[PDB]
$ cat input10.pdb   # PDB, C-alpha atoms and all ligand atoms
ATOM      1  CA  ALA A   3     -11.069  23.243  58.502
ATOM      2  CA  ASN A   4     -10.494  22.392  54.819
ATOM      3  CA  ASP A   5     -12.760  19.883  53.095
ATOM      4  CA  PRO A   6     -11.966  17.868  49.954
ATOM      5  CA  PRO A   7     -13.786  18.487  46.717
ATOM      6  CA  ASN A   8     -16.979  16.655  46.020
ATOM      7  CA  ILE A   9     -16.825  13.690  43.706
ATOM      8  CA  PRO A  10     -16.766  14.801  40.068
ATOM      9  CA  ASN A  11     -19.526  14.222  37.590
ATOM     10  CA  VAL A  12     -18.758  13.002  34.043
ATOM     11  CA  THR A  13     -21.310  13.065  31.206
ATOM     12  CA  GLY A  14     -21.004  12.254  27.524
ATOM     13  CA  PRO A  15     -21.637   9.467  25.008
ATOM     14  CA  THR A  16     -21.558   5.954  26.488
ATOM     15  CA  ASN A  17     -21.488   4.150  23.144
ATOM     16  CA  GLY A  18     -19.816   5.168  19.937
ATOM     17  CA  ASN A  19     -17.663   4.111  17.050
ATOM     18  CA  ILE A  20     -14.024   3.267  17.357
ATOM     19  CA  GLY A  21     -11.886   6.107  15.975
ATOM     20  CA  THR A  22     -14.500   8.836  16.384
ATOM     21  CA  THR A  23     -13.841  11.739  18.760
ATOM     22  CA  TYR A  24     -16.351  12.332  21.610
ATOM     23  CA  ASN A  25     -16.799  15.124  24.180
ATOM     24  CA  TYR A  26     -16.999  14.607  27.938
ATOM     25  CA  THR A  27     -18.194  17.191  30.430
ATOM     26  CA  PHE A  28     -16.547  17.194  33.885
ATOM     27  CA  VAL A  29     -17.560  19.202  36.915
ATOM     28  CA  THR A  30     -17.368  19.299  40.651
ATOM     29  CA  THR A  31     -17.466  21.814  43.480
ATOM     30  CA  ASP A  32     -15.280  22.285  46.516
ATOM     31  CA  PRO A  33     -17.207  22.953  49.769
ATOM     32  CA  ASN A  34     -14.859  25.801  50.639
ATOM     33  CA  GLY A  35     -15.053  27.300  47.154
ATOM     34  CA  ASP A  36     -11.422  26.387  46.459
ATOM     35  CA  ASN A  37      -9.978  26.130  42.980
ATOM     36  CA  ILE A  38      -9.389  22.518  41.956
ATOM     37  CA  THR A  39      -7.433  20.346  39.523
ATOM     38  CA  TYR A  40      -8.762  17.156  37.912
ATOM     39  CA  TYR A  41      -7.162  13.733  37.409
ATOM     40  CA  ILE A  42      -8.918  11.931  34.543
ATOM     41  CA  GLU A  43      -8.452   8.304  33.427
ATOM     42  CA  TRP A  44      -9.824   7.576  29.958
ATOM     43  CA  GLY A  45      -9.812   3.832  30.766
ATOM     44  CA  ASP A  46      -7.307   2.958  28.029
ATOM     45  CA  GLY A  47      -4.099   3.952  29.852
ATOM     46  CA  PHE A  48      -4.265   7.652  28.888
ATOM     47  CA  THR A  49      -4.742  10.259  31.598
ATOM     48  CA  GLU A  50      -5.038  13.975  32.273
ATOM     49  CA  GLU A  51      -2.866  14.394  35.366
ATOM     50  CA  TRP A  52      -4.062  17.186  37.617
ATOM     51  CA  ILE A  53      -5.153  19.576  34.891
ATOM     52  CA  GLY A  54      -6.180  23.078  35.964
ATOM     53  CA  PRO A  55      -6.586  24.832  38.261
ATOM     54  CA  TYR A  56     -10.214  25.576  37.471
ATOM     55  CA  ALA A  57     -12.854  27.433  39.505
ATOM     56  CA  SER A  58     -15.039  25.402  41.794
ATOM     57  CA  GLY A  59     -18.192  24.549  39.818
ATOM     58  CA  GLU A  60     -16.788  25.313  36.403
ATOM     59  CA  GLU A  61     -17.748  22.768  33.736
ATOM     60  CA  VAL A  62     -14.745  21.659  31.724
ATOM     61  CA  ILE A  63     -15.138  19.735  28.472
ATOM     62  CA  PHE A  64     -12.446  17.399  27.123
ATOM     63  CA  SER A  65     -12.585  15.159  24.098
ATOM     64  CA  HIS A  66     -11.115  11.694  23.597
ATOM     65  CA  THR A  67     -10.906   9.046  20.896
ATOM     66  CA  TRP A  68     -10.560   5.294  21.549
ATOM     67  CA  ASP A  69      -8.804   3.329  18.798
ATOM     68  CA  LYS A  70      -9.598  -0.208  19.991
ATOM     69  CA  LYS A  71     -12.784  -2.075  20.705
ATOM     70  CA  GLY A  72     -13.620  -2.320  24.373
ATOM     71  CA  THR A  73     -15.513  -1.124  27.360
ATOM     72  CA  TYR A  74     -13.677   1.792  28.994
ATOM     73  CA  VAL A  75     -14.141   3.128  32.499
ATOM     74  CA  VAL A  76     -13.643   6.879  32.355
ATOM     75  CA  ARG A  77     -12.913   8.188  35.876
ATOM     76  CA  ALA A  78     -12.314  11.616  37.340
ATOM     77  CA  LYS A  79     -11.208  12.845  40.763
ATOM     78  CA  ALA A  80     -10.374  16.362  41.904
ATOM     79  CA  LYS A  81      -8.095  17.942  44.502
ATOM     80  CA  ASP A  82      -8.093  21.401  45.905
ATOM     81  CA  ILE A  83      -5.154  23.812  46.298
ATOM     82  CA  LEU A  84      -4.262  22.133  49.609
ATOM     83  CA  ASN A  85      -4.096  18.798  47.751
ATOM     84  CA  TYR A  86      -7.058  17.239  49.552
ATOM     85  CA  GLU A  87      -8.394  14.663  47.097
ATOM     86  CA  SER A  88     -11.938  13.534  46.273
ATOM     87  CA  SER A  89     -13.212  10.083  45.399
ATOM     88  CA  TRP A  90     -13.744   9.149  41.750
ATOM     89  CA  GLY A  91     -16.733   9.774  39.520
ATOM     90  CA  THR A  92     -17.083   7.204  36.730
ATOM     91  CA  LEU A  93     -18.738   6.674  33.343
ATOM     92  CA  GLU A  94     -18.546   3.473  31.300
ATOM     93  CA  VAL A  95     -18.032   4.038  27.564
ATOM     94  CA  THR A  96     -18.477   1.169  25.082
ATOM     95  CA  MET A  97     -16.703   0.994  21.709
ATOM     96  CA  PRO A  98     -17.993  -2.147  20.030
ATOM     97  CA  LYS A  99     -16.851  -1.506  16.451
TER      98      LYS A  99
HETATM   99 CA    CA A 101     -11.375  22.476  50.019
END

$ encode --input "input10.pdb" --output "structure tokens" --more "lines below"
Ligand SMILES: [Ca+2]
Amino acid sequence: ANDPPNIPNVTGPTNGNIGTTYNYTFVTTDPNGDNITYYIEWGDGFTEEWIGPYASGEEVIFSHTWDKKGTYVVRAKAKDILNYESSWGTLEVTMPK
């Protein structure tokens, strides 16, 4: 009967300056209204590993700083209390200088 969460959405700055801190907004819903945890990749090797639980539909804002030039693929997936996992939402963030 249980369904996995929907794929998370990630919004925030897609270009910035190396060393400056930026805020990213994450949110998804679970079809059953279940609480969920998020697994975030910042694209640079750092992660947030199943943070939460949070309410279904609650926007959660986390900041990050990249300290090397590059193009970083920020990704987020979610799983409900029964550990049924979503696919990944993604946002590409460029740090040119
Ligand atoms: Ca569910």

$ axis_aligned_box --input "input10.pdb" --around "range 73-82 of chain A" --padding-each-side "3 Å" --output "AutoDock Vina command-line options"
--center_x -11.8 --center_y 10.1 --center_z 36.6 --size_x 13.4 --size_y 28.5 --size_z 24.5

$ atom_distance --input "input10.pdb" --atom1 "CA of residue 48 in chain A" --atom2 "CA of residue 83 in chain A"
23.8 Å

$ atom_distance --input "input10.pdb" --atom1 "CA of residue 28 in chain A" --atom2 "CA of residue 63 in chain A"
6.1 Å

$ residues_around --input "input10.pdb" --residues "residue 67 in chain A" --least-positions-apart "3" --cutoff "9 Å" --atoms "all atoms listed in the file" --output "number ranges by chain"
A: 20-24

$ write_last_selection --input "input10.pdb" --atoms "C-alpha atoms" --output "PDB file, keeping the file's coordinate frame"
ATOM      1  CA  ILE A  20     -14.024   3.267  17.357  1.00  0.00           C
ATOM      2  CA  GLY A  21     -11.886   6.107  15.975  1.00  0.00           C
ATOM      3  CA  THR A  22     -14.500   8.836  16.384  1.00  0.00           C
ATOM      4  CA  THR A  23     -13.841  11.739  18.760  1.00  0.00           C
ATOM      5  CA  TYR A  24     -16.351  12.332  21.610  1.00  0.00           C
TER       6      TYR A  24
END

$ resolve_selection --input "input10.pdb" --expression "the PyMOL selection byres (((chain A and resi 19) around 12) and not hetatm)" --output "PyMOL selection string"
chain A and resi 15-18+20-24+66-73+95-99

$ decode --input "input10.pdb" --residues "range 20-67 of chain A" --atoms "C-alpha atoms" --output "mmCIF file, in the first residue's frame"
data_model
loop_
_atom_site.group_PDB
_atom_site.id
_atom_site.type_symbol
_atom_site.label_atom_id
_atom_site.label_comp_id
_atom_site.auth_asym_id
_atom_site.auth_seq_id
_atom_site.Cartn_x
_atom_site.Cartn_y
_atom_site.Cartn_z
ATOM 1 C CA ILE A 20 34.036 30.354 -4.564
ATOM 2 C CA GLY A 21 34.117 30.631 -0.761
ATOM 3 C CA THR A 22 30.753 32.362 -0.395
ATOM 4 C CA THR A 23 27.926 30.617 1.467
ATOM 5 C CA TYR A 24 24.634 30.017 -0.423
ATOM 6 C CA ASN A 25 21.182 28.769 0.641
ATOM 7 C CA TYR A 26 19.323 25.875 -0.973
ATOM 8 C CA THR A 27 15.652 25.103 -0.486
ATOM 9 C CA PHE A 28 14.611 21.421 -0.523
ATOM 10 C CA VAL A 29 11.106 20.021 -0.518
ATOM 11 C CA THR A 30 9.076 17.014 -1.432
ATOM 12 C CA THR A 31 5.843 15.306 -0.445
ATOM 13 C CA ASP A 32 5.020 11.705 0.313
ATOM 14 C CA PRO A 33 1.766 10.451 -1.293
ATOM 15 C CA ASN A 34 0.706 8.850 1.977
ATOM 16 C CA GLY A 35 1.573 11.939 4.011
ATOM 17 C CA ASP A 36 4.471 10.131 5.692
ATOM 18 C CA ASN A 37 7.331 11.923 7.385
ATOM 19 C CA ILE A 38 10.527 11.740 5.336
ATOM 20 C CA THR A 39 14.306 12.078 5.592
ATOM 21 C CA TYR A 40 16.538 13.582 2.891
ATOM 22 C CA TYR A 41 19.860 12.416 1.432
ATOM 23 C CA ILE A 42 21.670 15.395 -0.115
ATOM 24 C CA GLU A 43 24.861 15.355 -2.221
ATOM 25 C CA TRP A 44 26.522 18.757 -2.558
ATOM 26 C CA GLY A 45 28.480 17.473 -5.590
ATOM 27 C CA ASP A 46 31.888 17.940 -3.946
ATOM 28 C CA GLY A 47 31.944 14.757 -1.833
ATOM 29 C CA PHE A 48 30.018 16.249 1.120
ATOM 30 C CA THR A 49 26.592 14.878 1.987
ATOM 31 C CA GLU A 50 23.679 15.174 4.391
ATOM 32 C CA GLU A 51 22.850 11.528 5.084
ATOM 33 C CA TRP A 52 19.178 10.980 5.796
ATOM 34 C CA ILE A 53 18.577 14.174 7.739
ATOM 35 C CA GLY A 54 15.193 14.565 9.430
ATOM 36 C CA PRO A 55 12.579 13.325 9.823
ATOM 37 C CA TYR A 56 10.614 16.258 8.454
ATOM 38 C CA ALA A 57 6.894 16.590 7.673
ATOM 39 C CA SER A 58 5.768 15.774 4.180
ATOM 40 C CA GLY A 59 5.734 19.068 2.249
ATOM 41 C CA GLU A 60 7.882 21.011 4.662
ATOM 42 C CA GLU A 61 10.482 23.227 2.975
ATOM 43 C CA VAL A 62 13.903 22.788 4.525
ATOM 44 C CA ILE A 63 16.730 25.224 3.812
ATOM 45 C CA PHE A 64 20.404 24.245 4.064
ATOM 46 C CA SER A 65 23.442 26.297 3.198
ATOM 47 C CA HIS A 66 26.722 25.200 1.629
ATOM 48 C CA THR A 67 30.027 26.718 0.569
#
